[PDB]
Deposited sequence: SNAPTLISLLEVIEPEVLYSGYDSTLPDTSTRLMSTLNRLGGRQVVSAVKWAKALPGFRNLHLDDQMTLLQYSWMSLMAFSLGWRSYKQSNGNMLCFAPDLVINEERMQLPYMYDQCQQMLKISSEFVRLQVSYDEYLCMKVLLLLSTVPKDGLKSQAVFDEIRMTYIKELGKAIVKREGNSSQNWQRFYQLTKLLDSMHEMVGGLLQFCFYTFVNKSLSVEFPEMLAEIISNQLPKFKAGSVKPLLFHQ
């Protein structure tokens, strides 16, 4: 009963948006449908995180902080994964009932943010990331953004990261079968993790903007609670993105 096999079992099932393309296609409807889907996905992510060996050893405040700080990264990474598997990174596969065409991206209100999200999936395509590699990296993303003032249970947190860095090693081996150039693979995946801060930064920016200036878009309570809590901290520059390479 390995750690990686447990990560396979606790991985949330792909959710359906219930998007109704019989209705008129508007910007407000799409972003509200995506927000509602996102709220539900975040709920699943909380359940997922609680089932990660080690996560519950952390102080409850640390648990909240990590989820509040990384939720967007987890969602965008998963979206990148789905899009890679479902269409080889050619389409944004938010849900099996909400798949965005190349032609549907050519709309002014969503071209820019779609291009940002496609870049993530194209990294999966470029690196031919395996399922176990993806799962290990996703854990590490949950553990990649912290407060500058630090954490309440730092030592536990440091041991968790250590545990899942090793698991990522196993995922690399399980895929390649013990090469002498596995260090290059590890380097490439840590570089991808690092670049997730930048690739997601512009997504959070547009999200925060939409939430504050209500440019009328609906946010479910799950997202509203995290965003409004997360908002003042980013503006204060109080968040520390952890990076493997300086």
- Message: From the N-terminus onward, what segments of the deposited sequence lack any C-alpha atom in this model?
- Response: 1-3, 219
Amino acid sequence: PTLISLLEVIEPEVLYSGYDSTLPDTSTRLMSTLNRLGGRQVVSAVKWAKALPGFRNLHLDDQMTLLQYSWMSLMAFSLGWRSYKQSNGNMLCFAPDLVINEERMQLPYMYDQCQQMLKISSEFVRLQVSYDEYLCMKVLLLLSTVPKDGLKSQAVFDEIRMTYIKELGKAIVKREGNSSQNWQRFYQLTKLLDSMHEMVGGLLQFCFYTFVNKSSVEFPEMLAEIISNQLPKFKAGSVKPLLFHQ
From here on, numbers count along this sequence of modelled residues.
- Task: Could you check which stretch, 104-112 or 122-130, carries the larger mean CA temperature factor in the entry?
- Result: 104-112
- When the C-alpha temperature factors are averaged for each of 151-159 and 90-98, which stretch ends up with the higher value in the entry? 151-159
- Task: Using the entry's values, work out which of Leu66, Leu34, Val212, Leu192 has the largest Cα B factor.
- Result: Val212
- Query: Going by the deposited entry, which of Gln41, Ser179, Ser70, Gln188 has the highest CA temperature factor?
  - Reply: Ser179
- Query: Against its chain's modelled residues, does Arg175's Cα B factor rank lowest, middle or highest third?
  - Reply: highest
- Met199: which third of its chain by C-alpha temperature factor? middle
